[PDB]
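Residue numbers (UniProt numbering), protein chains in the order written: chain E, 279 to 347, 365 to 555; chain Y, 12 to 228, 233 to 347, 365 to 926, 946 to 970; chain G, 279 to 346, 365 to 555. Cβ coordinates follow ideal geometry from the N, Cα and C atoms, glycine included.
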């Protein structure tokens, strides 16, 4: 479970001075990553099923293998077969969400978290150890657990990046529309004072009928995509040309006001 | 827990057989790690027990003294049931590991031409045999054929290898892959300049794979047994045949031919008996045959889908000719990669081909149209050959001659069904059907008719235009099985099948009976009918039977100048002994070829189990070269016995060498036959055959107490009651031993390390020949060194004697046979000893297998595990058979009575695994 | 169960001097009739389901309804299963009509009149056992009378062909077999030969028989009759029948073509 190495991507997340890389581009590369991961895991699991022909298992695994009922004297294959089924569903759900935007394939029939993916694999590992077969567990199955803890369900986590003046543009559109004045004209100290009174307050800010330029709509739309996608799809939100604390605090306010 | 097992191995074989001999090192590496795993899992005491068993049995080979075996048997019988299975299976797993090391050593042994002495004897071992290009060079320069003659001989060659089920072991695909990982870890560990850390990790992997094989284990369906028979095709042969055909290209270049073997040349084909052989096997129903045919087509479709998808990845080119560009436009991912668009369509149709078969298999019906799938080999190849031509037309022939040429050679080798299914049934079952027809129609009893009357009636029906089989016909279960089988053949595509083989064929009416049944059951593309001549008399009259068939206008019209005949070694050897069977088989072959030549018929021989051809490794090379002149001519079928299939095809390089062996030997024989026997040799073989048959029958047929001895000295009865052959052991519930079938006959006698069916008769014949004329002894050894037939025959006996041990046989005797018959057993063992030493003096060897130290070493290193299972078996039988034999139940060490059946199965499996092919 | 009135059809079966009526046309109208019957039955059953909301049933029906939408409405449970099997029966016919083959199993559908009747007669008995025979004698009785009147194909198909077309087929057989010309034989000789074949136990029709377009149509029609359910058909009518051999010839051809 030690994540000694992890992998991230900017491709579809970095939009600094790149007007293609829309909100939907970001939604797309996220679902594409999850399909690729499901494919890689399905192959690893199938090779592992071939290998794990054993019949001796602990009680916990024997019980769950019975509940999943090809041959029942091959318990590790029964469990991993179920894992493969849920991985197939995870992939197809992602493919449907990518094409139509919608999937009749339930999230229950698929893997939504790394924790529920890990549960049957660690069950296999502990069962093999409990039967004195830790040496077998420390082969291919240990490789697979290390892949899960390295790559997750999306291979890479996506970094988002956007220039600081684009966030200032959005907030100046908000403050002028509300009649509070021009956030752009304010000094850095005044900006921090206002941002902190908003983040400390409990009343929302972003009006749904805010008049939006193409650029402003792209910033707000991007945040809206972040709110709709699973948190483990993302890493950090990077602010290009950051100059001052208000740059960081402004993104924290937009992120909240757009529902992340 | 401490010492290594290699000290005991060095006592067996002092000295290396080659410089790169590391077989004992490998055996120690695997077994030492296994024993450490054993101890980690089950404690030290049983590990030391198991190793002591191995040490006792290893000592025995060096000092043939039975009492130490009895010591061991006392210890073994006292083990609690759980410990008995554990020790037996442990010894089995160690034998497996030793066989894997033997495989690694063969595969990676450097060829050393200094071992060659010239002449045909070089072809009897892989250490000295000629590869395909050495054979090509010899044919050009020594024999004097032109490169173009050799090139066209190859273009017309076809070697057909026939898979048959393994009597005792399954060969799951997942186990073949554990084997490979153990072999790979072994070779990689012993690589040149390997890192400390690489070696550490490879060691851990090896220990891991050995444990995984140790921790994994009702008879199988005939469907399942077929799925397991196809494992070797998935693991080596599929990729192997393109690799070998590419070597044939390289060889042709190196004798001056500047073109590859055309990809439509079926140089090697593969057939199967699994699901088609129903001779005395009622579980092989019509439905089983329909199933294995559809199963094969699914396996082929998925292998092709994989090849095609790999090929799509590679063929990203955009340059194509006009025919391909127009077709790619018509199929309308990116359109600027036309080869991917064609192959994507081919993959689509292959997916439908697979799903259609799956539906027919489950429901019996498919709404997937045959139009949307591939129905013939021809429509599969049309788009592939279009891709090949297009690449060539654009100057990319070099690319075409890569993966795409591999695929085309796979299509022409494997077709849409991987293997062609042979059908086999006993002749009397066809007679039963025809008698049912003739009596129901009221024209008499076909069974009561003489052979000449049968032929007269059959021919009038075959020549007439009126149907014969009424759908009303009253049917037994067996008659309904025969008719139902023909009805399945009529319903399936003709390319699913090869021949229809008639077991126990004796006369032309047997062949023409099947021709009539085929037609009257509606088989519109009839199968070639192949008689299997089993008994000595049937072999003697086979040239007459084949001449009568060839003299019938209707039959010549049917066969179109092609006839296949099957010959059986274990079958004929059971009738009259191996020596007499060997010689009649030679004569029958040369006279049948003479008949065929006169009538313009191309005669192909199919070599059944137990033969010299079909031995593992080099011996098959010489065996094929030794067959009578002008009996092959580029066409031969050979069964791949289950006992040797692992050594022949389990490993990449072994697969390659096997394909090369059959291809080279078959090619050379057609242009370079062995010497014709000189009259002195023929007369001597004639006289020795009389004596050998007489003494074989003296023990087998005419001695009243033989069957009683056989049922006690062997585990036959248990082998039958446990259905280890997945087949009835006998045809009638009584009869002599003449009713017993060959597989049980050979199996039971090799379990006891005695091997009577292989050698009995030879001793009497050798001594008779030497004693009746002083000159005969020198002419016998002259035969051994100048007559390949005699050499090959005798080398088979030598190999079997290396696998035999009279002490072990006598151990079965002393505990299992009644006092009254023990002198009979020692009489037989006296015949054994006299045959062996007479065998050694001819050939001029002081020791067994002195001419092949490599084979001697490989065989000897198996016996510690085998002999251990031998004593475990003998004592297990005595417990199974005698309630009064008392055992001291020893405390634990972490059907029939408890555990005894499992133990006995394990000994049977292990002894068979160690003994592989005998007779 | 009294079939006081039955209905037959000549359409797609009569081919007397009518080459448009091919074996395929006969196979088609037989499956079309089965689709029409399934549709009419599905509507009747659904109307019946609406009416039979009772909860009182006998034990045979209660058990069958617990096996196999609300369980308090057992007659609707049974009739809902019938409708499922009727829809399968129709789809199977539609597939055979278009493709010639159907992966819809005959088990999941109704293959005989009696297996269609079994659940309906169970409902009728159950209603009677609960003193509801009056309700049984309404719509459920009408449906049962429809089943015994129309079957699973609405109508039974008559086949008709002219006797000389059958003579043509038999003369082709006797000449090809080299036993003479059935056409030139007198009536008495035809009867003598036909009877020896009908009484004999050896088949007659060679699969290699050279066939004209007309002879192939006759043999092909018989092959269609052999492949379809027996309850799709009524009689085989011989136009221009003049003598017993006309009838006996069709009996021979029916058998040798596998009916």
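Neighbour-count burial assignment, residue i, 16 or more Cβ in a 10 Å radius
i	result
residue 538 (chain G)	exposed
residue 965 (chain Y)	buried
residue 859 (chain Y)	exposed
residue 959 (chain Y)	buried
residue 289 (chain E)	exposed
residue 482 (chain E)	exposed
residue 855 (chain Y)	exposed
Selection from the options that minimises the alpha carbon distance to residue i
i	options	result
residue 315 (chain E)	E:383, E:301, E:435 and E:463	E:383
residue 303 (chain G)	G:455, G:486 and G:497	G:455
residue 547 (chain E)	E:481, E:468, E:508 and E:463	E:463
residue 468 (chain G)	G:396, G:504 and G:542	G:504
residue 282 (chain E)	E:441, E:398 and E:373	E:441
residue 334 (chain E)	E:427, E:481, E:531 and E:496	E:427
residue 689 (chain Y)	Y:51, Y:173 and Y:122	Y:122
residue 601 (chain Y)	Y:585, Y:654, Y:670 and Y:664	Y:670
residue 500 (chain G)	G:340, G:521, G:524 and G:474	G:474
residue 92 (chain Y)	Y:963, Y:967 and Y:921	Y:921
For residue i, the three-state DSSP class (helix, strand or coil)
i	result
residue 518 (chain E)	helix
residue 877 (chain Y)	coil
residue 365 (chain Y)	coil
residue 472 (chain E)	helix
residue 773 (chain Y)	coil
residue 659 (chain Y)	coil
residue 639 (chain Y)	strand
residue 332 (chain Y)	coil
residue 882 (chain Y)	coil
residue 532 (chain E)	strand
residue 285 (chain G)	coil
residue 339 (chain E)	helix
residue 406 (chain Y)	coil
Any C-beta of chain Y under 8 Å from that of residue i
i	result
residue 366 (chain G)	no
residue 324 (chain E)	no
residue 519 (chain G)	no
residue 331 (chain E)	yes
residue 499 (chain G)	yes
residue 502 (chain G)	yes
residue 320 (chain E)	no
residue 374 (chain E)	no
Chain A contact residues for residue i, given Cβ-Cβ distances below 8 Å
i	result
residue 397 (chain Y)	This model lacks chain A altogether, as its protein chains are E, Y and G.
Cutoff 8 Å: residue i Cβ touching any chain G Cβ
i	result
residue 392 (chain Y)	no
beta-carbon residue i near the ligand MG non-hydrogen atom, thresh 7 Å
i	result
residue 392 (chain Y)	Summarising the ligand content, the structure contains no ligands, and the ligand MG is consequently not present.
Chain Y residues whose Cβ lies nearer than 9 Å to that of residue i
i	result
residue 548 (chain G)	Under the 9 Å cutoff, chain Y gives no residues; its nearest Cβ is about 14 Å from residue 548 (chain G).
Chain-ordered neighbours of residue i on chain Y, where CB pairs are closer than 7 Å
i	result
residue 473 (chain G)	497 and 498
residue 343 (chain E)	The contacting residues do not exist; residue 343 (chain E) stays about 16 Å from chain Y at best.
Cutoff 8 Å: residue i Cβ touching any chain E Cβ
i	result
residue 83 (chain Y)	no
Chain-ordered chain E contacts of residue i [CB-CB under 8 Å]
i	result
residue 219 (chain Y)	430, 431, 433 and 434
residue 226 (chain Y)	332, 334, 428 and 431
Cross-chain neighbours of residue i in chain E, by beta carbon under 7 Å
i	result
residue 124 (chain Y)	Within chain E, no residue comes near residue 124 (chain Y); the closest Cβ sits about 41 Å away, beyond 7 Å.
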